[PDB]
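Asks: PDB, C-alpha atoms and all ligand atoms, saved as entry.pdb, coming up:
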```
ATOM      1  CA  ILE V1084     -28.952   2.921   5.961  1.00  0.00           C
ATOM      2  CA  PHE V1085     -27.264   6.360   5.986  1.00  0.00           C
ATOM      3  CA  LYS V1086     -25.067   7.100   2.950  1.00  0.00           C
ATOM      4  CA  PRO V1087     -21.565   8.290   4.129  1.00  0.00           C
ATOM      5  CA  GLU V1088     -21.664  11.880   2.810  1.00  0.00           C
ATOM      6  CA  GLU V1089     -24.942  12.615   4.638  1.00  0.00           C
ATOM      7  CA  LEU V1090     -23.433  11.400   7.929  1.00  0.00           C
ATOM      8  CA  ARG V1091     -20.294  13.511   7.355  1.00  0.00           C
ATOM      9  CA  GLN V1092     -22.413  16.612   6.580  1.00  0.00           C
ATOM     10  CA  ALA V1093     -24.565  16.253   9.697  1.00  0.00           C
ATOM     11  CA  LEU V1094     -21.865  15.235  12.229  1.00  0.00           C
ATOM     12  CA  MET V1095     -18.672  17.036  11.123  1.00  0.00           C
ATOM     13  CA  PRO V1096     -19.846  20.448  12.408  1.00  0.00           C
ATOM     14  CA  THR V1097     -20.229  18.824  15.863  1.00  0.00           C
ATOM     15  CA  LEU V1098     -16.527  17.755  15.739  1.00  0.00           C
ATOM     16  CA  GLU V1099     -15.594  21.260  14.398  1.00  0.00           C
ATOM     17  CA  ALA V1100     -17.250  22.912  17.457  1.00  0.00           C
ATOM     18  CA  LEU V1101     -15.082  20.826  19.808  1.00  0.00           C
ATOM     19  CA  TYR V1102     -11.835  21.254  17.932  1.00  0.00           C
ATOM     20  CA  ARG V1103     -12.143  25.023  17.741  1.00  0.00           C
ATOM     21  CA  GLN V1104     -12.296  25.361  21.596  1.00  0.00           C
ATOM     22  CA  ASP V1105      -9.168  27.095  22.859  1.00  0.00           C
ATOM     23  CA  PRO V1106      -7.574  26.353  25.216  1.00  0.00           C
ATOM     24  CA  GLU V1107      -9.923  23.454  26.228  1.00  0.00           C
ATOM     25  CA  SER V1108      -9.522  21.060  23.290  1.00  0.00           C
ATOM     26  CA  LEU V1109      -5.696  21.137  23.237  1.00  0.00           C
ATOM     27  CA  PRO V1110      -5.076  18.062  25.427  1.00  0.00           C
ATOM     28  CA  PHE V1111      -7.625  16.097  23.338  1.00  0.00           C
ATOM     29  CA  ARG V1112      -6.240  16.958  19.826  1.00  0.00           C
ATOM     30  CA  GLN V1113      -3.702  14.070  19.662  1.00  0.00           C
ATOM     31  CA  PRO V1114      -3.141  10.693  21.461  1.00  0.00           C
ATOM     32  CA  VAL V1115      -1.820  10.789  25.051  1.00  0.00           C
ATOM     33  CA  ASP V1116       1.898   9.836  25.045  1.00  0.00           C
ATOM     34  CA  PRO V1117       2.257   8.822  28.744  1.00  0.00           C
ATOM     35  CA  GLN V1118       6.118   8.878  28.894  1.00  0.00           C
ATOM     36  CA  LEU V1119       6.486  12.305  27.324  1.00  0.00           C
ATOM     37  CA  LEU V1120       3.787  13.586  29.716  1.00  0.00           C
ATOM     38  CA  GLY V1121       5.492  11.866  32.721  1.00  0.00           C
ATOM     39  CA  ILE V1122       2.343   9.790  33.502  1.00  0.00           C
ATOM     40  CA  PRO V1123       3.664   6.253  32.943  1.00  0.00           C
ATOM     41  CA  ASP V1124       0.615   4.630  34.670  1.00  0.00           C
ATOM     42  CA  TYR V1125      -1.896   5.940  32.054  1.00  0.00           C
ATOM     43  CA  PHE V1126      -2.647   2.600  30.173  1.00  0.00           C
ATOM     44  CA  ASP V1127      -3.039   0.686  33.428  1.00  0.00           C
ATOM     45  CA  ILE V1128      -6.194   2.867  34.057  1.00  0.00           C
ATOM     46  CA  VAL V1129      -7.285   3.920  30.558  1.00  0.00           C
ATOM     47  CA  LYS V1130      -7.963   0.703  28.623  1.00  0.00           C
ATOM     48  CA  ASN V1131      -9.375   2.067  25.331  1.00  0.00           C
ATOM     49  CA  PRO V1132      -7.690   5.418  24.355  1.00  0.00           C
ATOM     50  CA  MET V1133      -9.489   7.842  22.056  1.00  0.00           C
ATOM     51  CA  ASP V1134      -8.810  11.434  20.867  1.00  0.00           C
ATOM     52  CA  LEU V1135     -10.082  14.061  18.388  1.00  0.00           C
ATOM     53  CA  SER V1136      -7.573  13.178  15.684  1.00  0.00           C
ATOM     54  CA  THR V1137      -8.660   9.469  15.740  1.00  0.00           C
ATOM     55  CA  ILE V1138     -12.295  10.584  15.658  1.00  0.00           C
ATOM     56  CA  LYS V1139     -11.613  12.944  12.679  1.00  0.00           C
ATOM     57  CA  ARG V1140      -9.728  10.230  10.638  1.00  0.00           C
ATOM     58  CA  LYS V1141     -12.508   7.681  11.192  1.00  0.00           C
ATOM     59  CA  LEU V1142     -15.167  10.233  10.222  1.00  0.00           C
ATOM     60  CA  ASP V1143     -13.109  11.399   7.171  1.00  0.00           C
ATOM     61  CA  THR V1144     -12.854   7.810   5.723  1.00  0.00           C
ATOM     62  CA  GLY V1145     -16.482   6.803   6.486  1.00  0.00           C
ATOM     63  CA  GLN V1146     -15.735   4.262   9.277  1.00  0.00           C
ATOM     64  CA  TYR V1147     -18.827   5.454  11.170  1.00  0.00           C
ATOM     65  CA  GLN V1148     -21.822   3.940   9.332  1.00  0.00           C
ATOM     66  CA  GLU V1149     -24.287   4.766  12.200  1.00  0.00           C
ATOM     67  CA  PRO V1150     -24.542   8.014  14.211  1.00  0.00           C
ATOM     68  CA  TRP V1151     -24.285   6.056  17.510  1.00  0.00           C
ATOM     69  CA  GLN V1152     -20.789   4.863  16.600  1.00  0.00           C
ATOM     70  CA  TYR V1153     -19.651   8.486  16.532  1.00  0.00           C
ATOM     71  CA  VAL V1154     -21.474   9.651  19.688  1.00  0.00           C
ATOM     72  CA  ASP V1155     -19.964   6.665  21.622  1.00  0.00           C
ATOM     73  CA  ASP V1156     -16.397   7.467  20.415  1.00  0.00           C
ATOM     74  CA  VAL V1157     -16.807  11.060  21.678  1.00  0.00           C
ATOM     75  CA  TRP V1158     -18.179   9.950  25.100  1.00  0.00           C
ATOM     76  CA  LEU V1159     -15.353   7.365  25.364  1.00  0.00           C
ATOM     77  CA  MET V1160     -12.934  10.260  24.846  1.00  0.00           C
ATOM     78  CA  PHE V1161     -14.687  12.290  27.586  1.00  0.00           C
ATOM     79  CA  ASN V1162     -15.071   9.335  30.029  1.00  0.00           C
ATOM     80  CA  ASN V1163     -11.344   8.453  29.707  1.00  0.00           C
ATOM     81  CA  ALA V1164     -10.264  11.966  30.866  1.00  0.00           C
ATOM     82  CA  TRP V1165     -12.838  12.118  33.698  1.00  0.00           C
ATOM     83  CA  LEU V1166     -11.544   8.684  34.929  1.00  0.00           C
ATOM     84  CA  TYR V1167      -7.768   9.344  34.898  1.00  0.00           C
ATOM     85  CA  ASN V1168      -7.774  12.996  36.038  1.00  0.00           C
ATOM     86  CA  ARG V1169      -8.603  14.446  39.461  1.00  0.00           C
ATOM     87  CA  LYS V1170     -11.880  16.478  39.717  1.00  0.00           C
ATOM     88  CA  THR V1171      -9.837  19.541  40.711  1.00  0.00           C
ATOM     89  CA  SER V1172      -7.467  19.378  37.660  1.00  0.00           C
ATOM     90  CA  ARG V1173      -7.296  21.717  34.666  1.00  0.00           C
ATOM     91  CA  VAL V1174      -7.744  18.756  32.300  1.00  0.00           C
ATOM     92  CA  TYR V1175     -10.917  17.495  34.070  1.00  0.00           C
ATOM     93  CA  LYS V1176     -12.515  20.940  33.811  1.00  0.00           C
ATOM     94  CA  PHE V1177     -11.537  21.202  30.152  1.00  0.00           C
ATOM     95  CA  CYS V1178     -13.249  17.877  29.566  1.00  0.00           C
ATOM     96  CA  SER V1179     -16.600  19.000  31.118  1.00  0.00           C
ATOM     97  CA  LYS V1180     -16.746  22.237  29.109  1.00  0.00           C
ATOM     98  CA  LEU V1181     -16.196  20.301  25.862  1.00  0.00           C
ATOM     99  CA  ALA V1182     -19.024  17.961  26.810  1.00  0.00           C
ATOM    100  CA  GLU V1183     -21.360  20.849  27.528  1.00  0.00           C
ATOM    101  CA  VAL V1184     -20.471  22.167  24.112  1.00  0.00           C
ATOM    102  CA  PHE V1185     -21.001  18.724  22.487  1.00  0.00           C
ATOM    103  CA  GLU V1186     -24.491  18.337  23.935  1.00  0.00           C
ATOM    104  CA  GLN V1187     -25.703  21.633  22.540  1.00  0.00           C
ATOM    105  CA  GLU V1188     -24.452  20.713  19.075  1.00  0.00           C
ATOM    106  CA  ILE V1189     -25.542  17.044  19.039  1.00  0.00           C
ATOM    107  CA  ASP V1190     -29.169  17.057  20.355  1.00  0.00           C
ATOM    108  CA  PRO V1191     -30.911  18.646  17.317  1.00  0.00           C
ATOM    109  CA  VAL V1192     -28.619  16.695  14.961  1.00  0.00           C
ATOM    110  CA  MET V1193     -29.972  13.427  16.451  1.00  0.00           C
ATOM    111  CA  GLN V1194     -33.587  14.741  16.522  1.00  0.00           C
ATOM    112  CA  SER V1195     -33.559  15.279  12.709  1.00  0.00           C
ATOM    113  CA  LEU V1196     -31.983  11.998  11.464  1.00  0.00           C
TER     114      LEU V1196
HETATM  115  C1  LIG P1201      -6.745  29.248  16.755  1.00  0.00           C
HETATM  116  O1  LIG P1201      -5.868  30.030  15.952  1.00  0.00           O
HETATM  117  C2  LIG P1201      -4.824  29.428  15.305  1.00  0.00           C
HETATM  118  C3  LIG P1201      -4.141  30.226  14.389  1.00  0.00           C
HETATM  119  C4  LIG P1201      -3.075  29.694  13.696  1.00  0.00           C
HETATM  120  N1  LIG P1201      -2.722  28.333  13.924  1.00  0.00           N
HETATM  121  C5  LIG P1201      -1.729  27.607  13.371  1.00  0.00           C
HETATM  122  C6  LIG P1201      -0.791  28.079  12.470  1.00  0.00           C
HETATM  123  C7  LIG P1201       0.467  27.216  12.226  1.00  0.00           C
HETATM  124  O2  LIG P1201      -0.747  29.251  12.057  1.00  0.00           O
HETATM  125  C8  LIG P1201      -1.771  26.378  13.930  1.00  0.00           C
HETATM  126  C9  LIG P1201      -2.797  26.307  14.816  1.00  0.00           C
HETATM  127  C10 LIG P1201      -3.140  25.210  15.620  1.00  0.00           C
HETATM  128  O3  LIG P1201      -3.774  25.365  16.678  1.00  0.00           O
HETATM  129  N2  LIG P1201      -2.593  23.961  15.317  1.00  0.00           N
HETATM  130  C11 LIG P1201      -2.706  22.845  16.120  1.00  0.00           C
HETATM  131  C12 LIG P1201      -3.209  21.636  15.628  1.00  0.00           C
HETATM  132  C13 LIG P1201      -3.268  20.501  16.437  1.00  0.00           C
HETATM  133  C14 LIG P1201      -2.788  20.568  17.742  1.00  0.00           C
HETATM  134  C15 LIG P1201      -2.257  21.756  18.300  1.00  0.00           C
HETATM  135  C16 LIG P1201      -1.796  21.749  19.585  1.00  0.00           C
HETATM  136  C17 LIG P1201      -1.014  22.668  20.172  1.00  0.00           C
HETATM  137  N3  LIG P1201      -0.752  22.294  21.416  1.00  0.00           N
HETATM  138  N4  LIG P1201      -1.364  21.123  21.612  1.00  0.00           N
HETATM  139  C18 LIG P1201      -1.287  20.399  22.926  1.00  0.00           C
HETATM  140  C19 LIG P1201      -1.996  20.782  20.497  1.00  0.00           C
HETATM  141  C20 LIG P1201      -2.189  22.891  17.449  1.00  0.00           C
HETATM  142  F1  LIG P1201      -1.673  24.093  17.881  1.00  0.00           F
HETATM  143  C21 LIG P1201      -3.380  27.539  14.815  1.00  0.00           C
HETATM  144  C22 LIG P1201      -4.431  28.078  15.489  1.00  0.00           C
END
```
So, in terms of structure tokens, how does the structure I just supplied come out?

Replies:
Amino acid sequence: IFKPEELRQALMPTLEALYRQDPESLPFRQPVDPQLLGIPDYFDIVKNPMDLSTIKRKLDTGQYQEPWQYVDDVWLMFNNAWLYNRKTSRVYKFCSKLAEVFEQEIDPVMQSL
């Protein structure tokens, strides 16, 4: 049992750290519209889409009752971009940097909960 405001307080700074990354977070700030991006085969590969705005809205309303529910949403977001994008692409590289950032922020947060 974590009460919702404690979870928000502990985890929100970890989402803030990602969101503030410029230019790396930009492709992750909103859902991927595959037709407007000219990538009409996106949902045939990526089965469960996730992005920072979805993660923020769920965290804002208290949908995450356990820390693991939040960590898993963030790794789903990362894993989706690593799957669809080539290892030599701008987007792939942006993804990995964000993850490096996330791991620094998240480790101590999990160690003291
Ligand atoms: C980092 O420094 C600044 C300084 C000022 N702004 C402002 C405004 C309007 O002044 C919006 C933003 C801002 O970044 N808004 C925002 C919010 C969500 C998504 C984007 C965005 C832009 N391109 N993409 C792909 C996503 C976006 F630009 C911003 C950032």

Asks: Would you please work out which residue, of V:1150, V:1093, V:1129, V:1160, is nearest to residue 1108 in chain V when using all atoms listed in the file?

Replies: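 The shortest atom-to-atom distance to residue 1108 in chain V comes from V:1160.
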
Asks: Please write as a PyMOL selection string the full residue list that the PyMOL selection byres (((chain V and resi 1115) around 12) and not hetatm) yields on this file.

Replies: chain V and resi 1109-1114+1116-1126+1129+1131-1137+1160+1163-1164+1167

Asks: Please write the residues picked by the PyMOL selection byres (((chain V and resi 1186) around 12) and not hetatm) on this file as number ranges by chain.

Replies: V: 1097-1098, 1100-1101, 1154, 1157-1158, 1179-1185, 1187-1193

Asks: What is the CA of residue 1091 in chain V-CA of residue 1140 in chain V distance in Å, reported with one decimal?

Replies: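 Answer for the CA of residue 1091 in chain V to CA of residue 1140 in chain V separation: 11.5 Å.
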
Asks: Once 6 Å is added on each side, what centre and edge lengths in Å to one decimal does the axis-aligned box around all listed atoms of ligand LIG 1201 (chain P) have, as AutoDock Vina command-line options?

Replies:
```
--center_x -3.1 --center_y 25.3 --center_z 17.5 --size_x 19.2 --size_y 21.8 --size_z 22.9
```

Asks: Using all atoms listed in the file for the distances, tell me which of V:1174, V:1128, V:1196, V:1095 is nearest to ligand LIG 1201 (chain P).

Replies: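 For ligand LIG 1201 (chain P), the nearest of the given residues is V:1174.
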
Asks: In Å, how far is it from CA of residue 1088 in chain V to CA of residue 1148 in chain V?

Replies: 10.3 Å

Asks: Got a sec: who's within 10 Å of residue 1149 in chain V, counting all atoms listed in the file, leaving out chain neighbours fewer than 2 positions off, as JSON, numbers by chain?

Replies: {"V": [1084, 1085, 1086, 1087, 1090, 1145, 1146, 1147, 1151, 1152, 1153, 1154]}

Asks: Between CA of residue 1143 in chain V and CA of residue 1089 in chain V, what is the distance, to one decimal in Å?

Replies: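 Going from CA of residue 1143 in chain V over to CA of residue 1089 in chain V, I get 12.2 Å.
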
Asks: Nearest residue to ligand LIG 1201 (chain P) out of V:1099, V:1092, V:1104, V:1141, using all atoms listed in the file?

Replies: V:1104

Asks: Which is closer to ligand LIG 1201 (chain P) than all the others in V:1170, V:1096, V:1127, V:1139, using all atoms listed in the file?

Replies: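 Between V:1170, V:1096, V:1127, V:1139, the residue approaching ligand LIG 1201 (chain P) most closely is V:1139.
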